[PDB]
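Colleague:
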Amino acid sequence: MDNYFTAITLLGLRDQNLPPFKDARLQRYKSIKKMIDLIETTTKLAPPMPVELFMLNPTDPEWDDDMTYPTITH
Amino acid sequence: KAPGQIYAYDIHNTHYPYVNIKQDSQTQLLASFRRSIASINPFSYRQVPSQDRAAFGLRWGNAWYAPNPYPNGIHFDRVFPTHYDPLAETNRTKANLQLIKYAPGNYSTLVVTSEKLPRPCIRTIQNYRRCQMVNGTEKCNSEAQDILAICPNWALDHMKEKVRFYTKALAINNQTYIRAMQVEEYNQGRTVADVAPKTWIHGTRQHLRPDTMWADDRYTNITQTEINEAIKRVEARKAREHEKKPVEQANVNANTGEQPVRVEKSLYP
Amino acid sequence: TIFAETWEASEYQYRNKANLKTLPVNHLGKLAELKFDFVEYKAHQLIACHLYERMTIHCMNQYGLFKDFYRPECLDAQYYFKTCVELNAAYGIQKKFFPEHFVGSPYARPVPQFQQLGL
Amino acid sequence: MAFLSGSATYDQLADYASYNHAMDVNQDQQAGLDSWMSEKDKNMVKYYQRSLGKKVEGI
Amino acid sequence: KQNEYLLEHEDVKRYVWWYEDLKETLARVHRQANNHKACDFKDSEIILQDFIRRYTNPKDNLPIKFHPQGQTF
Amino acid sequence: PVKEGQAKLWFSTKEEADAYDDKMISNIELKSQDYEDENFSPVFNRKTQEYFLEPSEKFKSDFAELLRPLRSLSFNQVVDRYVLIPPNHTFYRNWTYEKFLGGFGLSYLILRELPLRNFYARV
Amino acid sequence: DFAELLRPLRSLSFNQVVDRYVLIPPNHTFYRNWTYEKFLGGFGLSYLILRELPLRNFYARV
Amino acid sequence: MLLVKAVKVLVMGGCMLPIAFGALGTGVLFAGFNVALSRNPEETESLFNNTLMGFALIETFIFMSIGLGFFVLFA
Amino acid sequence: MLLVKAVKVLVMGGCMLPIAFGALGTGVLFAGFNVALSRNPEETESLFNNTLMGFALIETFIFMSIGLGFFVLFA
Ligand SMILES: CCCCCCCCCCCCCCCCCC(=O)OC[C@H](COP(=O)([O-])OCC(O)COP(=O)([O-])OC[C@@H](COC(=O)CCCCCCCCCCCCCCCCC)OC(=O)CCCCCCCCCCCCCCCCC)OC(=O)CCCCCCCCCCCCCCCCC
Ligand SMILES: CCCCCCCCCCCCCCCCCC(=O)OC[C@H](COP(=O)([O-])OCC(O)COP(=O)([O-])OC[C@@H](COC(=O)CCCCCCCCCCCCCCCCC)OC(=O)CCCCCCCCCCCCCCCCC)OC(=O)CCCCCCCCCCCCCCCCC
Ligand SMILES: CCCCCCCCCCCCCCCCCC(=O)OC[C@H](COP(=O)([O-])OCC(O)COP(=O)([O-])OC[C@@H](COC(=O)CCCCCCCCCCCCCCCCC)OC(=O)CCCCCCCCCCCCCCCCC)OC(=O)CCCCCCCCCCCCCCCCC
Ligand SMILES: COC1=C(OC)C(=O)C(C/C=C(\C)CC/C=C(\C)CC/C=C(\C)CC/C=C(\C)CC/C=C(\C)CC/C=C(\C)CC/C=C(/C)CCC=C(C)C)=C(C)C1=O
Ligand SMILES: CCCCCCCC/C=C/CCCCCCCC(=O)OC[C@H](COP(=O)(O)OCCN)OC(=O)CCCCCCC/C=C/CCCCCCCC
Ligand SMILES: CCCCCCCC/C=C/CCCCCCCC(=O)OC[C@H](COP(=O)(O)OCCN)OC(=O)CCCCCCC/C=C/CCCCCCCC
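Chains as they are written, first to last, in the authors' numbering: chain B, 1 to 74; chain L, 5 to 273; chain V, 61 to 179; chain Z, 121 to 179; chain S, 149 to 221; chain W, 2 to 124; chain U, 63 to 124; chain A, 1 to 75; chain R, 1 to 75.
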């Protein structure tokens with residue numbers, strides 16, 4: 001059950017209540033099947049940005065020192 | 005050179021918020037007393053961590069608090085089958101050695117991780133890409149052989165499988181693309197021009213009435229007389245719609261010695 | 061994503077790996093531990109992880125977030141809700157890109173074509 | 121008297137009160153959640169009787 | 149001070165413009181009916197298709213192309 | 002009679018709407034609390050208003066109280082305050098645990114000297 | 063601190079603010095001036111207690 | 001379901017029956033204690049102790065009843 | 001099930017009836033022990049033992065009822 005908040009929002013559970021009968025309540029679940037396939041596809045069209053923006057490359061030879069954390073043994 | 009304080013310290017403004025989860029009178033009264041003297045009380049313990057001093061978690065009376073583990077039906081029997089149901093009790097009973105063993109990770113989630121390839125194998129990959137964009141692919145044979153030789157075989161298997169996974173995910177994403185970009189029969193010939201100037205709020209309860217009778221005051225002035233008349237009109241329309249009914253199909257799961265189809269279950273037993 | 065209130069447990073258990081977690085239905089017993097009065101409709105308790113969400117709201121309305129929300133009945137609902145959506149997000153992804161891992165999938169143990177049998 | 125003098129009146133009412141779902145729906149209706157019912161929802165009790173082994177027609 | 153310049157690349161602007169188009173796009177999405185059918189979001193499908201058609205080419209063998217710095221999850 | 006309000010339906014034609022009202026009205030079951038009524042129900046009286054779960058004021062006020070120190074600050078001040086804490090690994094952080102747990106031993110020193118006369122009462 | 067003065071308003075709508083702090087139901091039955099009767103009336107009650115001080119010297123009680 | 005809850009609270013009322021018989025049983029116990037004391041006042045202390053002891057056994061049924069009541073009321 | 005369960009729990013309330021009669025039987029028993037003690041205190045211990053002994057026969061029916069109660073409550 002992925003895209004929980006998206007599905008709960010499409011069903012209207014943030015403003016109203018589902019029908020108390022299983023026939024219509026289940027049809028409302030299958031009605032968002034198209035929209036989930038759409039919103040998931042849109043989220044996979046993001047363009048790239050430099051990885052070296054908020055993160056130093058850990059493969060850089062500068063980090064081959066394998067340095068330890070010096071501590072105080074209180 | 006003052007010690008650093010975490011964001012939580014500015015919500016409470018103290019390191020000694022005596023938070024006890026046990027909702028007994030003896031406990032909450034003692035906490036209020038202890039919460040007031042924490043500034044000059046030697047028997048004071050911190051619950052808000054800082055750069056200079058660690059802290060304790062939430063207290064449960066004299067012991068410590070932790071939420072009930074998320075229900076997990078996985079268990080292991082020792083003497084007899086217990087039929088453990090995590091939904092039959094509020095708090096999970098302790099595990100007795102001769103009765104049951106619960107699954108690992110009382111407080112655990114499902115994640116995906118990846119091993120870090122060896123450093124020398126990474127340097128050979130960096131040298132191949134670098135020589136690729138500079139000298140081209142056809143002049144990177146020596147850098148490719150260094151990879152196949154220096155990188156241990158378990159790493160080459162990982163590299164081999166990454167390509168097959170992303171190839172699988174690439175198709176799974178494009179199949180969703182095809183289902184998503186498909187034009188249904190109810191949208192044939194419709195474009196952005198046929199779209200209405202509406203937003204999300206226009207489909208909410210204030211603007212779009214739900215499919216329930218008591219969502220608003222629409223049917224609050226209806227009398228039994230109007231109902232009997234409405235029952236006659238719906239029955240009138242059924243004099244033309246009931247003429248058709250789907251035909252009964254054969255039961256594909258008639259044979260009990262055959263793997264049944266996971267067919268959609270009936271709404272009611 | 062699950063497009064129903066009920067799901068077969070076996071469909072979310074692994075076939076070629078040890079099963080250490082299940083995907084259980086909502087714990088309706090936790091709903092009776094709320095001491096205060098509240099209105100809950102039975103049509104919303106079966107859908108995955110939503111019951112724990114509504115309970116968290118009921119508890120955050122009766123109580124707040126400071127010194128009164130910190131009671132066992134209200135924190136377990138918040139922890140369940142946060143944990144339910146994380147597990148369901150991972151299981152949903154694993155079902156989308158790794159359907160061969162689960163029971164009931166025809167790719168967990170593929171049945172061969174008749175051309176591969178040599179008859 | 122018509123209810124007491126009947127044979128199936130006790131069953132149609134007992135099988136309805138025993139179906140936990142139909143009583144869950146009624147509990148929702150009492151709270152203010154009600155709507156229209158399809159032909160398949162109207163027979164929710166007939167499906168319950170059939171499951172028990174009763175002979176009910178008109179599903 | 150050595151890598152501040154990376155924030156001047158136009159790809160940072162391209163990333164933010166894509167994020168805003170998705171916000172304005174999803175803000176326009178709306179429920180059109182309550183018949184409990186897929187047609188309840190009839191107009192919203194066209195809106196999202198325009199968004200997808202705006203950053204992809206549907207008339208290709210693989211409209212979604214793989215690149216190591218792309219999206220899979 | 003049907004009443005109109007801000008919440009409207011989702012039908013293009015008026016016949017489909019009337020068909021929807023006739024379908025819902027045909028399913029109404031009136032339950033009156035007054036005797037001498039054809040639709041009388043002392044118990045099991047259905048409510049005629051639907052409940053909707055919304056976040057209360059106590060809900061929205063406490064979530065805003067959590068962000069009070071962030072509204073007075075700029076993004077650069079927030080990072081320099083709570084994120085870029087100057088490294089100082091000289092403190093004895095585990096003193097909190099030593100004091101708490103070490104108090105058991107110190108408490109035993111004072112508790113083992115209780116003037117209780119009976120040996121089994123100190124037991 | 064200025065944003066702290068408005069905390070009970072961010073959680074409310076305009077209609078709730080009016081019904082909360084503006085449209086207080088009229089009730090003119092309370093003895094509002096009891097606040098002063100208790101305070102200033104304490105001087106008399108305090109005098110009844112203070113006039114019994116066991117200080118021996120009369121000029122000390124002065 | 002809903003009726004099961006109603007009968008539970010109804011049973012909880014039934015617990016007031018031993019509360020009634022315990023009152024009558026106590027009065028009878030002290031009624032005999034009075035006449036018993038008049039017969040042999042030399043052992044007033046013995047009779048007295050036995051009086052309260054018996055009454056303690058009566059309250060046992062009481063706590064047992066309400067205990068069962070609150071249990072069935074919540075279990 | 002739920003319908004029959006409602007009368008099941010109701011029947012469980014009936015078990016509180018012996019809890020009532022057991023209290024009255026106790027109050028009556030100790031009354032006889034007191035008055036009888038006065039008439040012949042020479043055998044106090046004898047009477048005393050028989051008193052509690054008789055009481056044991058009272059809680060007999062009590063546990064039997066509660067046992068039969070929870071039994072039919074689930075069987
Ligand atoms: C061991 C020996 C000792 C024990 C002795 C006592 C045993 C007590 C335990 C009870 C025994 C079993 C009987 C339970 C009956 C159910 C009662 C009930 O739940 O109320 C609902 C019941 C119906 O509710 P409603 O408001 O009419 O519903 C209207 C809706 O529109 C309805 O529409 P809807 O869409 O909302 O649907 C809701 C749904 C809801 O579904 C449910 O909730 C299920 C309800 C459970 C029953 C369902 C199965 C019934 C099967 C039929 C067979 C009945 C056999 C009865 C056998 C009796 C045993 C001798 O369906 C129903 O409505 C169910 C209808 C329930 C009808 C119950 C059968 C009627 C009995 C006819 C005989 C009447 C005799 C009265 C004599 C009174 C003497 C004081 O309410 C009443 O009947 C009101 C009372 C009768 C009116 C007169 C006023 C009398 C006041 C008496 C005050 C004193 C009380 C007792 C004092 C005792 C100490 C002094
Ligand atoms: C001029 C004459 C004097 C006139 C004045 C008289 C009035 C004096 C009192 C006012 C001034 C007091 C000065 C200090 C301020 C304290 C204020 C306060 O509220 O403290 C409450 C204080 C702390 O409240 P709390 O937050 O609830 O923490 C206790 C919890 O148990 C903690 O539970 P937990 O689980 O959260 O933590 C476990 C705990 C471990 O806690 C335990 O294990 C204790 C558990 C209780 C025993 C287990 C059985 C349970 C008993 C329950 C029933 C107890 C009822 C007692 C009711 C007492 C009501 C006050 O371990 C720790 O967390 C850390 C403890 C170690 C930290 C370092 C302690 C430094 C103390 C410095 C001592 C300096 C004085 C010298 C000492 C004597 C030298 C010979 O509670 C106590 O009453 C502690 C009693 C310890 C016995 C003290 C005996 C020595 C007293 C010396 C008095 C002065 C010298 C006398 C010389 C003799 C000639 C005069
Ligand atoms: C079993 C034996 C007993 C063992 C227990 C031992 C422990 C006893 C103490 C604890 C129990 C106390 C019970 C009451 C709870 C009070 C708790 C509290 O926090 O009060 C602090 C209380 C309030 O502190 P505050 O905020 O500073 O207010 C005083 C300001 O002056 C105010 O200045 P302001 O300008 O802000 O306001 C003006 C003020 C008016 O203020 C003034 O004008 C007074 C100013 C004082 C004179 C000016 C010279 C001051 C010079 C400075 C140095 C003075 C040191 C005095 C130290 C005294 C230490 C207590 O007017 C008012 O605001 C409202 C007054 C109307 C109140 C009406 C009276 C209600 C009290 C309840 C009546 C029933 C009690 C029994 C009746 C009395 C017994 C027959 O402090 C005082 O009590 C001041 C002393 C007043 C005399 C009270 C003496 C009563 C003693 C009775 C003992 C028990 C009965 C003995 C029976 C003997 C046989 C056994
Ligand atoms: C019935 O027959 C008659 C008589 O008897 C034969 C007469 O004498 C008379 C003549 C009348 C008199 C001789 C009385 C003369 C009195 C007059 C003129 C007024 C006297 C006024 C005072 C002495 C001032 C009193 C001032 C105060 C009480 C205010 C200061 C005291 C305060 C604020 C304390 C608070 C008091 C209360 C809450 C009242 C409760 C009563 C208490 C006793 C509580 C006491 C509490 C404490 C802590 C001491 C008549 C007309 C008569 O008809
Ligand atoms: C007469 C003195 C006799 C002392 C014993 C003789 C031998 C002395 C040996 C000296 C060795 C010194 C080497 C340095 C050891 C380092 C100790 C240490 O790291 O403590 C750190 C740390 C300081 O905290 P931070 O700010 O986080 O660290 C900053 C670092 N600059 O100190 C502590 O851990 C706090 C506790 C100190 C020791 C325990 C204190 C209590 C002593 C108990 C006896 C006192 C009884 C009376 C107490 C009064 C209570 C009301
Ligand atoms: C003082 C006279 C006492 C004896 C008099 C006997 C005669 C009785 C005749 C009374 C006739 C009735 C006439 C109407 C009386 C009106 C009283 C009045 O106006 O004040 C009422 C008003 C009620 O408050 P509201 O909520 O604002 O009003 C609501 C109205 N429903 O009462 C008050 O003002 C509060 C103060 C009342 C008097 C207090 C007494 C003072 C003595 C203090 C010592 C008592 C011990 C204190 C211990 C403190 C421990 C913490």
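Heads up, the beta-carbon is just placed ideally off N, CA and C, and yes, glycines get one too.
Taking only beta carbons into account, state which residues of the stretch 19 to 52 of chain L come closer than 7 Å to chain Z, listed in chain order.
Modeller: Here the close residues number zero.
Colleague: Could you check the C-alpha separation between A:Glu43 and A:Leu2 for me, to the nearest Å?
Modeller: Residue mapping note: residue 43 of chain A aligns to position 43 of the eighth sequence, counting from 1. Residue mapping note: residue 2 of chain A aligns to position 2 of the eighth sequence, counting from 1. For A:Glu43 and A:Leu2, the distance between alpha carbons rounds to 58 Å.
Colleague: May I ask you to check if the CB of U:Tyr93 is nearer than 8 Å to at least one heavy atom of ligand 6?
Modeller: The sequence position of residue 93 of chain U within the seventh sequence is 31, counting from 1. Flag set: Cβ of U:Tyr93 near ligand 6.
Colleague: For the stretch 142 to 156 of chain Z, which residues have a beta carbon sitting closer than 8 Å to at least one beta carbon of chain B?
Modeller: Listed by position, the residues of the stretch 142 to 156 of chain Z near chain B (Cβ gap below 8 Å) are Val145, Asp148, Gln149, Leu153, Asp154 and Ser155.
Colleague: Check the DSSP bridge columns for L:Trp68 and list the partner residues they point to.
Modeller: Here residue 68 of chain L corresponds to residue number 64 of the second sequence, with the count starting at 1. Partner(s): L:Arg63.
Colleague: What residues does ligand 4 have around it, judged by CB closer than 6 Å to any heavy atom, in chain order?
Modeller: This criterion selects U:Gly103, U:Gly106, U:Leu107 and U:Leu110.
Colleague: Determine whether the Cβ of Z:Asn140 lies closer than 9 Å to any Cβ atom of chain A.
Modeller: What you label residue 140 of chain Z is simply residue 20 of the fourth sequence in a count that begins at 1. Yes, Z:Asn140 lies at the interface with chain A (some Cβ there is under 9 Å from its Cβ).
Colleague: Report the partner residues of L:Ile104 according to the DSSP bridge assignment.
Modeller: The residue you call residue 104 of chain L lines up with position 100 of the second sequence. In DSSP, L:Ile104 forms a bridge with L:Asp81.
Colleague: Answer yes or no: do L:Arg241 and W:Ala18 have a C-beta to C-beta separation smaller than 9 Å?
Modeller: Here residue 241 of chain L is taken as the residue at index 237 of the second sequence, counted from 1. Here residue 18 of chain W is taken as the residue at index 17 of the sixth sequence, counted from 1. For L:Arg241 and W:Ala18, no; Cβs fall outside 9 Å.
Colleague: What number of angstroms, rounded off, separates the C-alpha of V:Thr61 from the C-alpha of Z:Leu153?
Modeller: As a working mapping, residue 61 of chain V is identified with position 1 in the third sequence. As a working mapping, residue 153 of chain Z is identified with position 33 in the fourth sequence. Computed Cα separation, rounded: 27 Å.
Colleague: With 9 Å set as the bound, which would you pick, yes or no: does the beta-carbon of A:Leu2 sit closer than that to a beta-carbon of chain Z?
Modeller: Reading the eighth sequence from its first residue, position 2 is the one you call residue 2 of chain A. Output row for A:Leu2: interface = yes.
Colleague: Look at the alpha carbon of V:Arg169 and the alpha carbon of W:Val44, and state the distance between them as a whole number of angstroms.
Modeller: For the purposes of this step, residue 169 of chain V is taken as the residue at position 109 of the third sequence. For the purposes of this step, residue 44 of chain W is taken as the residue at position 43 of the sixth sequence. Taking the straight line from one Cα to the other gives about 58 Å.
Colleague: Any idea if L:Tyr74 is buried or exposed, counting beta-carbon neighbours within 10 angstroms, 16 or more meaning buried?
Modeller: Position 70 of the second sequence holds residue 74 of chain L. Classification of L:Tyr74: buried, given that the 10 Å Cβ count is 16 or more.
Colleague: Counting only C-beta atoms, is W:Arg72 closer than 9 Å to chain L at any point?
Modeller: As a first step, residue 72 of chain W is located in the sixth sequence; it is residue number 71 there, counting from the start. No, its Cβ sits nowhere closer than 9 Å to a Cβ of chain L.
Colleague: What residue range is occupied by the uninterrupted alpha helix (DSSP H) comprising R:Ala31?
Modeller: In the ninth sequence, residue 31 of chain R corresponds to position 31, counting from 1. From DSSP, the alpha helix (DSSP H) with R:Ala31 extends over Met16 to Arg39.
Colleague: Does the beta carbon of W:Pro56 sit closer than 9 Å to a beta carbon anywhere in chain V?
Modeller: By one-based count along the sixth sequence, residue 56 of chain W stands at place 55. For W:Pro56, the answer is yes, since a Cβ of chain V falls inside 9 Å of its Cβ.
Colleague: So is B:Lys22 in contact with chain S if we call contact Cβ pairs under 9 Å?
Modeller: Within the first sequence, residue 22 of chain B is the residue found at index 22, counting from 1. Taking Cβ atoms only, chain S never reaches closer than 9 Å to B:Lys22, which makes this a no.
Colleague: So with CB distances below 7 Å, who are the chain L contacts of S:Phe214?
Modeller: Here the question's residue 214 of chain S lines up with position 66 in the fifth sequence. Neighbours of S:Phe214 on chain L, chain order: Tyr170 and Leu174.
Colleague: With 9 Å set as the bound, which would you pick, yes or no: does the beta-carbon of V:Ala103 sit closer than that to a beta-carbon of chain Z?
Modeller: Looking up residue 103 of chain V in the third sequence gives position 43. True, the Cβ-Cβ gap to chain Z drops below 9 Å.
Colleague: Can you name the residues of chain B whose CB is closer than 9 Å to the CB of residue 245 of chain V?
Modeller: This structure leaves residue 245 of chain V out entirely; chain V is present only between 61 and 179.
Colleague: Based on Cα-Cα distance, which residue from L:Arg57, L:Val52 and L:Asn24 lies nearest to L:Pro7?
Modeller: By 1-based counting over the second sequence, the position of residue 7 of chain L is 3. It is L:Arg57 whose Cα lies nearest to the Cα of L:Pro7.
Colleague: Does the stretch 48 to 68 of chain W come close enough to the stretch 118 to 125 of chain V to have 3 or more Cβ pairs within less than 8 Å?
Modeller: Cβ pair count under 8 Å is three or more, so yes.
Colleague: Counting pairs of beta carbons, one from the stretch 66 to 86 of chain W and one from the stretch 65 to 72 of chain U, are three or more of them closer than 8 Å?
Modeller: Taking 8 Å as the limit for Cβ pairs, the verdict is that the stretch 65 to 72 of chain U does touch the stretch 66 to 86 of chain W.
Colleague: Can you tell me the Cα-Cα spacing of L:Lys248 and Z:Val176, whole angstroms?
Modeller: For this step, residue 248 of chain L is matched to residue 244 along the second sequence. For this step, residue 176 of chain Z is matched to residue 56 along the fourth sequence. Cα-Cα distance, rounded: 22 Å.
Colleague: Kindly indicate if chain B contains any beta-carbon less than 9 Å away from that of L:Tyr74.
Modeller: As a working mapping, residue 74 of chain L is identified with position 70 in the second sequence. Chain B, which has no Cβ nearer than 9 Å to the Cβ of L:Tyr74, makes this no.
Colleague: Residues in the stretch 73 to 105 of chain W with C-beta within 8 Å of chain V's C-beta atoms, listed in sequence order?
Modeller: Within the stretch 73 to 105 of chain W, no residue has a Cβ that lies closer than 8 Å to any Cβ of chain V.
Colleague: From which residue to which residue does the alpha helix (DSSP H) around A:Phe70 run?
Modeller: On the eighth sequence, position 70 is the one that residue 70 of chain A refers to. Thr44 to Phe74 is the span of the alpha helix (DSSP H), which, as asked, contains A:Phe70.
Colleague: Taking 9 Å as the CB-CB limit, is W:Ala122 close to chain U?
Modeller: Mapped onto the sixth sequence, residue 122 of chain W falls at position 121. Chain U contact via Cβ: absent.
Colleague: Could you tell me whether the Cβ of Z:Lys160 comes closer than 9 Å to any Cβ of chain B?
Modeller: Position 40 of the fourth sequence, counted from the first residue, corresponds to residue 160 of chain Z. Yes, Z:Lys160 counts as interfacial toward chain B.
Colleague: Is L:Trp204 near ligand 6, going by C-beta to nearest heavy atom under 8 Å?
Modeller: Residue mapping note: residue 204 of chain L aligns to position 200 of the second sequence, counting from 1. Not so, every heavy atom of ligand 6 lies at least 8 Å from the Cβ.
Colleague: From this set, L:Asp14, L:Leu160 and L:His87, which residue's C-alpha is nearest L:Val52's C-alpha?
Modeller: Counting from 1 along the second sequence, the entry for residue 52 of chain L is found at position 48. Comparing Cα positions, the closest option is L:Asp14.
Colleague: Report back the beta-carbon spacing between L:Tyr49 and W:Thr97 to the nearest angstrom; my notes put them in contact at under 8 Å.
Modeller: For the purposes of this step, residue 49 of chain L is taken as residue 45 along the second sequence, with counting starting at 1. For the purposes of this step, residue 97 of chain W is taken as residue 96 along the sixth sequence, with counting starting at 1. With a Cβ gap of about 7 Å, L:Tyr49 and W:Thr97 count as contacting.
Colleague: Is any beta-carbon of chain V found at less than 9 Å from that of B:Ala46?
Modeller: As a first step, residue 46 of chain B is located in the first sequence; it is residue number 46 there, counting from the start. By this cut-off, B:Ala46 is not an interface position.
Colleague: I'd like to know whether the C-beta of B:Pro58 is nearer than 9 Å to at least one C-beta of chain Z.
Modeller: Your numbering for residue 58 of chain B matches position 58 in the first sequence. No, no contact with chain Z.
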